[PDB]
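Below is one structure, written out as structure tokens; the observations come after it.
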Amino acid sequence: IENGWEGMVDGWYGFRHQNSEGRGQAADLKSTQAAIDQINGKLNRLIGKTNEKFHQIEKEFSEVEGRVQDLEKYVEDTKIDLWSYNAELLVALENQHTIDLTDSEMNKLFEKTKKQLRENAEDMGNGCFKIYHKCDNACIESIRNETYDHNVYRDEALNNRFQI
Amino acid sequence: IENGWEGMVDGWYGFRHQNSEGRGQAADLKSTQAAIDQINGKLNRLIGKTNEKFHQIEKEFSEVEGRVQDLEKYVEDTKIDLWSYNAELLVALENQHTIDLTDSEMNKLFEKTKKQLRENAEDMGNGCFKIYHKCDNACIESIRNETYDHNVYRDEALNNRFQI
Amino acid sequence: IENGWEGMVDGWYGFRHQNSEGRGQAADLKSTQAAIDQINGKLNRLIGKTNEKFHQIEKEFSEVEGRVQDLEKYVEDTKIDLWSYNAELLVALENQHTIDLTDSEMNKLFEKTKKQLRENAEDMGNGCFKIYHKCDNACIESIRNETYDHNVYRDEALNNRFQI
Amino acid sequence: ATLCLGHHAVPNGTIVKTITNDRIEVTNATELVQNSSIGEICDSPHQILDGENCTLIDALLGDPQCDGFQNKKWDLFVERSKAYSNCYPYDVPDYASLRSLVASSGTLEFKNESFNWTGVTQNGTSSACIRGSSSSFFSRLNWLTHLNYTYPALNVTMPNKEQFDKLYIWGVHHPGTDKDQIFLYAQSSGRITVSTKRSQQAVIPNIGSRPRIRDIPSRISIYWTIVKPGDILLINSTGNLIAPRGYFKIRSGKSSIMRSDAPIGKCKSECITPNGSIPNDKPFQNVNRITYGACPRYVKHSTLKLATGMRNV
Amino acid sequence: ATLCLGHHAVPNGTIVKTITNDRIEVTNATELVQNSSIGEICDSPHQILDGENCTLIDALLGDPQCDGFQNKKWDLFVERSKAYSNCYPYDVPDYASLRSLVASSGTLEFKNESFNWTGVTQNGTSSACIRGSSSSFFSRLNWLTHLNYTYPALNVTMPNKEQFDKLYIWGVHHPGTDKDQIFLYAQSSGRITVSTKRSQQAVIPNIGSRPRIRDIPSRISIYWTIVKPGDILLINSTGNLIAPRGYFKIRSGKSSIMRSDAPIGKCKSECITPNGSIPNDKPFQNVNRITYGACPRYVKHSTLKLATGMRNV
Amino acid sequence: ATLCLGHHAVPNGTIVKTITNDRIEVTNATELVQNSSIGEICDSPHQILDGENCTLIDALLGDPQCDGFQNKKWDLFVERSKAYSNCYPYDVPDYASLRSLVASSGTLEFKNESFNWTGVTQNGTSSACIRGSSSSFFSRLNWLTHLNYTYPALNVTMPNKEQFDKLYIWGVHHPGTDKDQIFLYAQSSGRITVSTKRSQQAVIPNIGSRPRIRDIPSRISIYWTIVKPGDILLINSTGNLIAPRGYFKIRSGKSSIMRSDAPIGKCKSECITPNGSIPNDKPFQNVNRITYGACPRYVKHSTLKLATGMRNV
Ligand SMILES: *[C@@H]1O[C@H](CO)[C@@H](O)[C@H](O)[C@H]1NC(C)=O
Ligand SMILES: *[C@@H]1O[C@H](CO)[C@@H](O)[C@H](O)[C@H]1NC(C)=O
Ligand SMILES: *[C@@H]1O[C@H](CO)[C@@H](O)[C@H](O)[C@H]1NC(C)=O
Ligand SMILES: *[C@@H]1O[C@H](CO)[C@@H](O)[C@H](O)[C@H]1NC(C)=O
Ligand SMILES: *[C@@H]1O[C@H](CO)[C@@H](O)[C@H](O)[C@H]1NC(C)=O
Ligand SMILES: *[C@@H]1O[C@H](CO)[C@@H](O)[C@H](O)[C@H]1NC(C)=O
Ligand SMILES: *[C@@H]1O[C@H](CO)[C@@H](O)[C@H](O)[C@H]1NC(C)=O
Ligand SMILES: *[C@@H]1O[C@H](CO)[C@@H](O)[C@H](O)[C@H]1NC(C)=O
Ligand SMILES: *[C@@H]1O[C@H](CO)[C@@H](O)[C@H](O)[C@H]1NC(C)=O
Ligand SMILES: *[C@@H]1O[C@H](CO)[C@@H](O)[C@H](O)[C@H]1NC(C)=O
Ligand SMILES: *[C@@H]1O[C@H](CO)[C@@H](O)[C@H](O)[C@H]1NC(C)=O
Ligand SMILES: *[C@@H]1O[C@H](CO)[C@@H](O)[C@H](O)[C@H]1NC(C)=O
Ligand SMILES: *[C@@H]1O[C@H](CO)[C@@H](O)[C@H](O)[C@H]1NC(C)=O
Ligand SMILES: *[C@@H]1O[C@H](CO)[C@@H](O)[C@H](O)[C@H]1NC(C)=O
Ligand SMILES: *[C@@H]1O[C@H](CO)[C@@H](O)[C@H](O)[C@H]1NC(C)=O
Ligand SMILES: *[C@@H]1O[C@H](CO)[C@@H](O)[C@H](O)[C@H]1NC(C)=O
Ligand SMILES: *[C@@H]1O[C@H](CO)[C@@H](O)[C@H](O)[C@H]1NC(C)=O
Ligand SMILES: *[C@@H]1O[C@H](CO)[C@@H](O)[C@H](O)[C@H]1NC(C)=O
Ligand SMILES: *[C@@H]1O[C@H](CO)[C@@H](O)[C@H](O)[C@H]1NC(C)=O
Ligand SMILES: *[C@@H]1O[C@H](CO)[C@@H](O)[C@H](O)[C@H]1NC(C)=O
Ligand SMILES: *[C@@H]1O[C@H](CO)[C@@H](O)[C@H](O)[C@H]1NC(C)=O
Ligand SMILES: *[C@@H]1O[C@H](CO)[C@@H](O)[C@H](O)[C@H]1NC(C)=O
Ligand SMILES: *[C@@H]1O[C@H](CO)[C@@H](O)[C@H](O)[C@H]1NC(C)=O
Ligand SMILES: *[C@@H]1O[C@H](CO)[C@@H](O)[C@H](O)[C@H]1NC(C)=O
Ligand SMILES: *[C@@H]1O[C@H](CO)[C@@H](O)[C@H](O)[C@H]1NC(C)=O
Ligand SMILES: *[C@@H]1O[C@H](CO)[C@@H](O)[C@H](O)[C@H]1NC(C)=O
Ligand SMILES: *[C@@H]1O[C@H](CO)[C@@H](O)[C@H](O)[C@H]1NC(C)=O
Ligand SMILES: *[C@@H]1O[C@H](CO)[C@@H](O)[C@H](O)[C@H]1NC(C)=O
Ligand SMILES: *[C@@H]1O[C@H](CO)[C@@H](O)[C@H](O)[C@H]1NC(C)=O
Ligand SMILES: *[C@@H]1O[C@H](CO)[C@@H](O)[C@H](O)[C@H]1NC(C)=O
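Protein chains in written order, with the deposited numbering: chain E, 10 to 173; chain F, 10 to 173; chain D, 10 to 173; chain B, 11 to 323; chain C, 11 to 323; chain A, 11 to 323.
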């Protein structure tokens, strides 16, 4: 896949096609929803989940007290510094995971398509499938709706792929 | 792969086959052992590994003492809360890794099989290989034991795949 | 891929070939540089990044003081033990990521090659591509420099692959 | 025919960090750090006392201008930075501990006791504390002075037969000069001892002037003790005693003190920070480190963006 | 021919958390949180004292019913919640610090010293401490009283010429009334000063009654000091002194005190928790936060399941 | 034709840990734990005082051999383990707090004040402190004694009209015997009270000998107080007073004290550890836990290797 689609607004993942009827696009709502559910799940585990504290040590001081204060300040700074570490690590792991997650779902969509189009298509390096049966709309929707039957077209697609 | 095999008990990963001799199954013990070793390794790094402490601050208090106690309690609560965080994160990372690990080993098994059956088989979306040579038992064991020779069958399998 | 190349010194990832002109090898500098940039990035986020502290609690004690010291020691030990945990976890995650990273880049190189050699090559289990057009040097450099045109050779490669 | 697969892209994405890179463009990212407070403290669900000019200790002792705090309860007590006392000056050793104790109890519920201050004069007052335009004193303290030029030693045994702890607040007077001590107590020197079965406190009054505050060279020190059920509070004093009038209840609890100049508005919010209430959906905040309730954790990062989208373009 | 690849599945798996989902079915998962203690404390590998009714301080001082603890050693001392003293009542300022010090030393090894308590009467006793049906006193303390109505000031210089620190435990008597102080010490008031080259302690006895405990209105305070090799312990006292009889050794160490009502059984286990011993294979526990030895970390999670299997069905 | 893809390999790689295995061979790995210090402390960018034999307190008081530290500044003060005082012996209650305060201020900048020590004799000396071969005393203290067998009570009101806090260091003398106290102060007993509007300190001198140190049975205690702008320092004393000569400034700051026997060389390094300076590129160190400046975190791991390469062979 070379680039994204600025005009695709009905989902995150989808298909665009070119046939003899015309050009157009639609989202794959199962791929999109799966990506959405995992992301929302991760957000739900974090956002809205806080802990309740009521009484704590003093954090702000106005006078010199000596070693008791040095420790009370030390303890609080240690806690903050360490939670800041956890926060940065957590976000970086979550973001690394999120981008790998969405790319994984895209690869799954691609494989679903080549596995459904068994031997009726070639993988191009631009993220597109060359389809060797001259299909118009109905195959495209069938592929989108996981009902494409490779046994219908192989007899006509193979001779336009390997036999020329 | 659509579902698992409730009857496979001699390993975690394996093969099931259908030929003219009959139907049956066996585990792939190299795939299974590799999965087991990584899992046991992860467990060994954690389970049985504890640190020894002897003298610590008081954690339980029965009387009002003032700010010294507020800090001693604060310090302990901070430690627990933070270790609870580490414990949950650790388990979630280990479990995310374990399920991705086992699926990775399964994908490796699948690729090993399609790479060994070079052009003598088709990937079906159900996790099965359609084999185009009418093999009975010996090929199946040969594939299981990494000795299948694709150069033996291509001459007979290709004409039953692409030439019909 | 069975093993590595002890003699490849102009990059980390690369190609080795055998044709009628001779045998030889060269690095893929885009694959190598991408791997290098991600690794150096990770190192830059860690190495050279320290925090400045000036005044802290006492960590070394020479006399018996009572509960105030027990807490001051407890706090420091908690901090160290916990940062030691973070340090080990961080390195293990970074190393797990680094080895998966470099293997990922290698798989990308392999796919780039099979996607560029569309149907003109077979994946061997040893990490090598069998090329069915009798190419000498120029195809090899073309593949290395992402300009190989599969439409030039398919007419001659397919008949030496499937038609024998 | 051609079938292309791909992802949506947006004209303008945002930048997030990952583990391999610091700057990757993403469609949409949810900021996880609540920077921005409302600017006011919300008045619910928590019960909050405003503390107009009333330090929790002035409210405890019964300062002339804190008489509206008698028997109040709170989940959170708020002190204003402008608060000042307006009564006889005082010195609380270990101020911080008394303040914490009262704060966590969460109440100034007080009950009077039938103390037997006999042979002494009760209700001593000072021009320092004006209430109703007359000289008065802290409402929860009883400043004892001689009666007919006699200050007999006191000995009060006040048992705890209830099921709760009783907190007694009492103090010690430090007259400026020998002249004042003899005038007030008919003693050349005093001494105070207060005990329970578990512990004992004793204080020697320190006669001498300190720099004048509110034109007063003299001061009162505040001490406290806790009496457990089954114990007996024993007060023995030859002079300079600022007697308790009763006891405060102690509750275990969820209450505390925050210092804040923020106003209290009409709003519902669980997390309270000196800079007002903060919505608590985001897991982290960088507004302050002093918080009360179900708050986000404090971090030093100004921003953390969690991708919700995918790599752009 | 058809060759299918796949994974095993189980009729009933278990549920584990991951980072993308909270509930994923897995074949088998190893619980990582040891909930459940044995219910008894194991008696090995650690050396454990039971502390039948003996607070580590009562054992230290030599309470009539703790005479079986003389010169004992422990890795862990256990206090029972039912323990009570049965001797003259006492008050240890900073009780917690003395308790910690003795606890970590791990021993009550004690040696007598040739103290020169001269011109005074040694071995004073009280009906408070009955041993062998006779009035006695704490076995490691020497209550000095006047001799022939005279209590001369004492001055004991006891040098440390050994290679180890010496811990001296001593106290101060607080008679109920003036009558009792004069009866016992032939002084109207006493004073005690104890010093080393590094530091000095001084105590003024406080005469007066406290609520009676075990019918006794009077109390003894306990103080301690550490003498380093090369130093000299100097004891100067005009009265109310509960003298040391010798010193305790201090060891650096790995010992401590746990509060527990659990019985001690016949078992081998490294991790000890107030609720008995806990197997220490799992990395976390949620039994208690108070632990001794090579224990799992305490977490607030009731469960953590680490998949050992794979996604089911 | 054949085209093979692959990775480089090296004759000898290194071993790193991952999450699934402990020992995986890798081409190259960057050690992340700085073990090895330089062995000397670098003299820049930080300003470092060597403290040849000068404990920060001896430098503060003005010990005969620490006269080269007057008005010095530092980011880091280093104490040598060989330091010893060579002046009248002293005892600082809460030594650790005074030491921390002075250390963080980062300066011994001192200014003299026009104190009105009148009716007493100023500049008292002792053979304990020899400077220039003559008896002297600490340079920042003024030991007051009687004048013409009279020691009138002192009363010094020294206001703070400046914009900074003033730190006053003063002490209390504890003569060995009654003979010495009467000789020096013409009083049978003394007493010292020092106050501000915010707080009060009071000390009762303790007469009696301690083991002799440097042949001296007597000692001086050190106390300190902080005067805020707008306040007044009030000193009232009948005897045994070691008077201040002026005040030290307090700065908020980034300064501290490290104990180290390392020499200070000619080098530039940001991270300082007792075992000298440590290069600060690696994120962790295992040299020590006591650090100053932009240092690596201390971990207990001896090694951590972060792969920079890939799996070998
Ligand atoms: C898939 O799409 C085609 C064309 O719209 C339609 O005929 C077919 O019924 C669809 N299949 C299902 C079940 O979605
Ligand atoms: C593989 O299995 C076949 C059939 O059992 C057997 O003939 C062959 O020897 C096996 N190969 C090896 C070496 O495992
Ligand atoms: C690729 O390599 C071939 C052979 O060296 C060369 O002819 C061709 O121009 C190269 N293409 C590019 C643009 O790198
Ligand atoms: C960004 O994602 C959040 C979910 O966290 C969603 O509520 C918000 O509307 C999204 N914004 C855009 C640009 O769609
Ligand atoms: C605070 O977070 C909000 C999003 O909730 C963001 O719009 C704002 O720019 C942030 N402010 C700063 C400067 O951190
Ligand atoms: C607080 O003090 C100020 C200054 O006297 C006064 O104007 C204000 O009314 C006080 N607030 C209350 C109501 O106590
Ligand atoms: C206690 O109170 C009663 C009530 O007047 C009084 O008779 C008695 O004198 C008091 N007891 C004391 C403390 O003397
Ligand atoms: C002191 O005033 C209180 C009012 O709180 C009153 O109840 C008490 O009896 C008074 N005592 C005397 C001696 O008038
Ligand atoms: C006050 O003291 C005087 C002198 O001792 C005494 O006569 C009188 O009875 C006392 N009490 C009264 C009633 O004033
Ligand atoms: C110092 O304080 C005492 C307090 O009793 C006072 O008597 C004395 O006059 C004060 N010193 C002077 C001379 O001001
Ligand atoms: C000391 O001087 C101040 C200055 O006004 C004065 O108030 C005080 O009475 C004098 N004596 C004492 C008691 O310190
Ligand atoms: C919150 O209050 C603190 C202290 O008053 C201040 O430093 C900080 O800037 C405030 N933050 C916000 C977000 O207003
Ligand atoms: C679950 O896995 C553990 C290894 O941690 C194993 O010992 C146990 O027997 C397994 N249980 C099952 C159901 O096989
Ligand atoms: C405690 O852990 C065990 C497994 O070791 C488990 O069987 C038991 O149900 C757990 N108990 C609870 C309620 O946490
Ligand atoms: C502990 O005290 C109880 C109550 O007197 C007694 O029955 C028991 O024997 C005591 N245990 C020992 C042996 O000290
Ligand atoms: C010390 O002990 C000896 C032994 O009887 C005795 O002669 C001497 O009087 C004692 N010394 C003192 C402290 O007077
Ligand atoms: C006191 O009793 C002890 C027994 O521990 C004895 O050794 C000592 O000499 C006795 N002293 C006197 C004065 O009898
Ligand atoms: C006890 O005191 C008396 C009176 O001072 C004295 O005579 C006698 O010698 C003293 N000692 C004896 C032996 O009782
Ligand atoms: C208070 O305690 C002192 C202790 O010396 C005692 O003399 C006095 O009698 C006690 N007060 C009363 C009257 O009980
Ligand atoms: C005070 O009253 C109690 C009550 O019995 C009595 O024991 C004590 O002697 C009296 N005096 C003192 C000393 O507090
Ligand atoms: C352990 O002891 C504590 C305190 O006694 C108790 O709250 C907790 O329930 C006990 N836990 C177990 C597992 O018995
Ligand atoms: C190892 O990698 C580092 C980068 O961290 C590099 O500077 C060093 O030269 C490498 N060593 C080798 C063997 O190339
Ligand atoms: C310390 O780290 C260096 C690499 O910077 C390494 O060469 C040396 O062997 C390490 N020393 C030890 C024993 O940790
Ligand atoms: C430190 O003390 C030693 C021993 O007297 C002396 O030799 C050395 O010169 C002193 N260092 C300085 C210069 O103070
Ligand atoms: C203060 O100093 C002046 C200067 O000599 C002197 O006249 C006066 O006596 C002193 N004041 C006091 C403290 O008496
Ligand atoms: C004490 O010596 C100092 C030198 O620091 C001098 O300025 C001061 O006036 C002297 N005082 C007397 C009484 O000589
Ligand atoms: C010292 O004291 C004597 C005796 O009071 C007195 O006459 C003399 O004036 C005082 N001062 C001098 C000048 O020595
Ligand atoms: C104990 O110290 C005091 C200090 O005033 C001293 O008088 C007494 O002589 C000392 N005791 C003896 C007899 O050494
Ligand atoms: C006690 O004995 C020592 C031993 O030399 C002596 O220095 C001291 O004066 C005596 N008295 C005191 C004051 O403790
Ligand atoms: C650093 O100093 C400490 C204490 O002096 C010592 O234990 C440690 O071995 C030293 N480390 C190094 C790396 O020299």
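Note that the Cβ used here is the ideal one computed from N, Cα and C, for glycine as well.
Among the options, nearest to residue i - alpha-carbon criterion
i: residue 134(C); options: 190(C), 145(C) and 125(C); result: 145(C)
i: residue 234(B); options: 209(B), 216(B) and 217(B); result: 209(B)
i: residue 107(C); options: 67(C), 125(C), 90(C) and 73(C); result: 67(C)
i: residue 22(C); options: 16(C), 62(C) and 38(C); result: 38(C)
i: residue 11(D); options: 100(D), 88(D), 115(D) and 39(D); result: 115(D)
i: residue 226(C); options: 138(C), 29(C) and 13(C); result: 138(C)
i: residue 36(F); options: 14(F), 69(F) and 27(F); result: 14(F)
Beta-ladder partner(s) of residue i, from DSSP
i: residue 175(F); result: Because residue 175(F) is not part of the residues shown, which for chain F are 10 to 173, the question remains open.
i: residue 60(E); result: 305(B)
i: residue 145(A); result: 140(A)
i: residue 132(D); result: 138(D)
i: residue 18(C); result: 14(F)
Contact belief for residue i with residue j at Cβ below 8 angstroms, rounded distance in angstroms
i: residue 7(E); j: residue 169(E); result: Nothing in the structure corresponds to residue 7(E), since chain E is present only between 10 and 173.
Given 8 angstroms, three or more beta-carbon pairs between the region 106–117 of chain D and the region 285–295 of chain C = The region 106–117 of chain D is not in contact with the region 285–295 of chain C.
The region 105–120 of chain C / the region 257–265 of chain C touching (three or more Cβ pairs under 8 angstroms) = Contact between the region 105–120 of chain C and the region 257–265 of chain C is present: three or more C-beta pairs spanning the two stretches fall below 8 angstroms.
Three CB pairs or more closer than 8 angstroms across the region 41–59 of chain D and the region 291–300 of chain A = Flag = yes, the region 41–59 of chain D and the region 291–300 of chain A touch.
Inter-stretch contact at 8 angstroms, needing at least 3 Cβ pairs: the region 19–39 of chain F / the region 266–286 of chain C | In short, these stretches do not touch, since the Cβ pair count stays below three.
Taking 8 angstroms as the threshold, find out whether the region 163–180 of chain B comes into contact with the region 121–128 of chain B through three or more Cβ pairs.
-> In this structure the region 163–180 of chain B lies against the region 121–128 of chain B, because at least three pairs of beta carbons, one per stretch, are closer than 8 angstroms.
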